[PDB]
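Colleague:
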Amino acid sequence: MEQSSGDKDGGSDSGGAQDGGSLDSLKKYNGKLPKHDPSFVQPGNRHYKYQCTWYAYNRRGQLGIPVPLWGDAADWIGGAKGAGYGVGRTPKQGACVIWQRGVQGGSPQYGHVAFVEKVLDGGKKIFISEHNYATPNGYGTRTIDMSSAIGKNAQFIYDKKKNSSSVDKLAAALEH
């Protein structure tokens, strides 16, 4: 089957919506998500490095948004309040979702953090990614329905910062 000379497929490049105007910070990247730096070092090494939170700090740094070290996964919503960050339930690209502890979609002891890769069907579903926390051997992606229990428990944290390359008082300094 051909339509010219061969058959090409590239519809998946539009398979999901980029949110574009995510936060305020992300819009300047034209909806393209910022680069990750494996070699980049973050001062957030004090907390649970084997927890979902560490993966979240790294990916939060990917987006060029430095955040203070928050205790445990569920704590992040409260920490955001104190740090002057916004919290919402709107699916926006890039930003990490926080599940509390004892809710569907979260790990009962800590809560759970995941990174939104895409906003699907308009914002019906969200596509998330992870490194190695819940998926062993490899990395996995999953689509969460915003209408379902998993999606309703997914809470989004919006950062006020769009400054990346600058020392943040909260991010780098525990004490003051």
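PDB author numbering puts the first residue of the sequence shown at 1, with every later residue one more than the last. Note that beta-carbon positions come from the ideal geometry of N, C-alpha and C, so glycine has one too.
(1) Can you give the Cα-Cα distance for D168 and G10, rounded to whole angstroms?
(2) Are the beta-carbon atoms belonging to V97 and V119 less than 8 Å from one another?
(3) Please list, in chain order, all residues of the same chain as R46 whose beta carbon is under 8 Å from its beta carbon, the five residues on each side excluded.
(4) Looking at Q100: is its Cβ nearer than 8 Å to the Cβ of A149?
(5) What is the C-beta distance between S25 and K162, in whole angstroms, given that I count them as a contact (C-beta under 8 Å)?
(6) Tell me where the alpha helix (DSSP H) around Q109 begins and ends.
(7) For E130, count neighbouring Cβ atoms within 10 angstroms of its own Cβ and tell me buried if that reaches 16, exposed if not.
(8) Measuring straight from C-alpha to C-alpha, what distance separates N58 and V67?
Modeller: Looking at the coordinates:
(1) Cα-Cα distance, rounded: 41 Å.
(2) The answer is no: Cβ separation not under 8 Å.
(3) Result list for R46: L69, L174, in chain order.
(4) For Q100 and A149, no; Cβs fall outside 8 Å.
(5) The pair is a contact, with the Cβ atoms about 4 Å apart (cut-off 8 Å).
(6) Premise fails: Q109 is in no alpha helix (DSSP H) and is neither H nor E.
(7) Taking a 10 Å sphere around the C-beta of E130, we find 16 or more other C-beta atoms and assign the residue as buried.
(8) Separation of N58 and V67 (C-alpha to C-alpha, rounded to the nearest whole angstrom) is 10 Å.
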